[PDB]
Amino acid sequence: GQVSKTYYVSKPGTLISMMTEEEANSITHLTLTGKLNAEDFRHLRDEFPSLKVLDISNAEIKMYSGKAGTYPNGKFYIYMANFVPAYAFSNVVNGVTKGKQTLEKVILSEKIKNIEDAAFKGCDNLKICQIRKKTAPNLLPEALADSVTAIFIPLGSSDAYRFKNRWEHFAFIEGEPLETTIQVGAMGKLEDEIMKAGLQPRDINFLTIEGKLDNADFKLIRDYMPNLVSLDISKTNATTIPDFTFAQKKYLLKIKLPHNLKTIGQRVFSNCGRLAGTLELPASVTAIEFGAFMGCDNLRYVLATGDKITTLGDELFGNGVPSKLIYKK
């Protein structure tokens, strides 16, 4: 994207000393090769304010012992070789967890043995952790949040990840992550616009749609996007979400609904078990049809931001489930 740089780090802990502050401040996409240690991670965490994508898949993490690492409050700590260091991108600033909020994607090497305690804790925008290892590295407490980050792993590796301790509930997607923004004109088609972008609908994991969204476009999302992790359709003119649109969405972690949405069809979010906290409804919603949120076990609330709901279908939240519907009123 914006500013892409590649640095070969000859000596671990010397990353920050290889460029100026103005250079490091502008980097959004950083690829590192060579040798790194927890001191480089501290600089990546505390400096590099524009860092969005960190590719360390061809870098080696060397052992470091000292006070210049990522462990909070400058405490002496021993950082093992091939370990994503403890608190790599998480700090504790006067009792408050401060994660690296610009960090959206990390790419780890096949040499990673451990992802240490709280490595990405509070990194609320870490949508991707791509690991080039055929088997899962050890995952330590609070290192990755399965409600936040999707794990991109090599082809045929799902079984060498999903049964490992602390990895059991992550969204695992084999192959490369694909994030895209698609512009759909008033007489256009999402399917045609995806094809013009040189993409395959099935490959899409993080999608932003802007412009026109109709029933045929939603059918493409429903039937040909099984690996959809995040969907942002807020900037679309869709007023209805057809029945079962997000029912077959095993990896769907986040959705931003159309800004002028009126109707949520039947079982639209059926079995969307990864959606959490509060799902905010546009103020224009007037109808939520039969079982729209059945099987959304992790969803705490559905917040109606308007006073326009007049039609609520039956069993919106599943059998015997107390209503999760709340109002901003």
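Position 1 is the first residue of the sequence, and the numbers go up from there. The analysis underlying the following values was restricted to heavy atoms, covering all of them including side chains, and did not include hydrogens, waters or symmetry mates.
Across all their heavy atoms, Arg162 and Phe172 have their closest contact at CA-CE1, 3.7 Å. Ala119 and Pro85 make their closest contact through CB-O, 3.9 Å (heavy atoms, listed as atom of the first residue, atom of the second, distance).
Using a distance-only test at 3.5 Å, with no hydrogens or angles considered, no donor-acceptor pair links the side chain of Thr70 to the main chain of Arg42. The backbone N or O of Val3 lies less than 3.5 Å from a partner atom in the side chain of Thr28, making a donor-acceptor pair. Listed for the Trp167 side chain is no donor-acceptor partner under 3.5 Å among the backbone atoms of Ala160. In this structure, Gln101 contributes its side chain and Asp124 its backbone to a donor-acceptor pair below 3.5 Å. When atom types are taken as modelled, the side chain of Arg132 and the backbone of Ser57 share no donor-acceptor pair closer than 3.5 angstrom. A side-chain donor-acceptor contact under 3.5 Å links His259 to the backbone of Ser234. Using modelled atom types, no side-chain atom of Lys249 and backbone atom of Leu228 make a donor-acceptor pair closer than 3.5 Å.
Hydrophobic clustering of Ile, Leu, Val, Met, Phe, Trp and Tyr side chains at less than 4.5 Å, counting indirect connections, keeps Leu108 apart from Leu140. Follow the hydrophobic side-chain contacts under 4.5 Å out from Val321 and you never reach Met294; the two are in separate clusters. Side-chain heavy atoms closer than 4.5 Å link hydrophobic residues (I, L, V, M, F, W, Y) into clusters, and following such links, possibly through other members, connects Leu253 to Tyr251.
In this structure, the side chains of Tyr79 and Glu39 stay at 4.5 Å or more apart for every pair of heavy atoms. Taking 4.5 Å as the limit, some side-chain heavy atom of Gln130 sits within range of a side-chain heavy atom of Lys105. The side-chain heavy atoms of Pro49 and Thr102, taken from C-beta on, include no pair separated by under 4.5 Å. The side-chain heavy atoms of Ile61 and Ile112, taken from C-beta on, include a pair separated by under 4.5 Å. Between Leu257 and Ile241 there is a side-chain heavy-atom pair separated by less than 4.5 Å. For the pair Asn298/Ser147, no side-chain contact is recorded, criterion being any heavy-atom separation below 4.5 Å from C-beta on. Residues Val106 and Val84 have side chains not in contact (no heavy-atom distance under 4.5 Å, counting atoms from C-beta outward). Residues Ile56 and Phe41 have side chains in contact (heavy-atom distance under 4.5 Å, counting atoms from C-beta outward).
Judged purely by distance below 3.5 Å, without hydrogens or angles, the side chains of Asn114 and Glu116 pair a donor atom with an acceptor atom. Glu280 and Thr305 share no donor-acceptor pair across their side chains, judged by distance under 3.5 Å alone.
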Check against side chain to side chain contact (heavy atoms under 4.5 Å, CB included), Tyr161 and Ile131: CA-CA 10 Å; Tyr161 271 82; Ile131 310 171; 3.2 Å; yes

Would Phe244 and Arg267 count as a side chain to side chain contact (heavy atoms under 4.5 Å, CB included) here? Give the steps. CA-CA 5 Å; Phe244 305 102; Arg267 286 182 165 97; 3.4 Å; yes

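Applying the salt bridge (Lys or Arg N to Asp or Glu O under 4.0 Å) test to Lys189 and every residue at least two apart in sequence or in another chain returns nothing. Taking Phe218 as the reference, nothing meets the ring pair (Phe, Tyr, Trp, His ring centres under 6.0 Å) condition, with sequence neighbours excluded. Under the ring pair (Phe, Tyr, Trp, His ring centres under 6.0 Å) criterion, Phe293 pairs with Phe269, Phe317, sequence neighbours left out.
Between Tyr71 and the choices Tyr64, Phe76, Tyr87, the ring pair (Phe, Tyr, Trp, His ring centres under 6.0 Å) rule is met once, by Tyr87. The only option from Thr311, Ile264, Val268 that meets the side chain to side chain contact (heavy atoms under 4.5 Å, CB included) definition with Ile288 turns out to be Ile264.
Salt bridge present: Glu104 and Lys127 bring a charged side-chain N and a carboxylate O closer than 4.0 Å.
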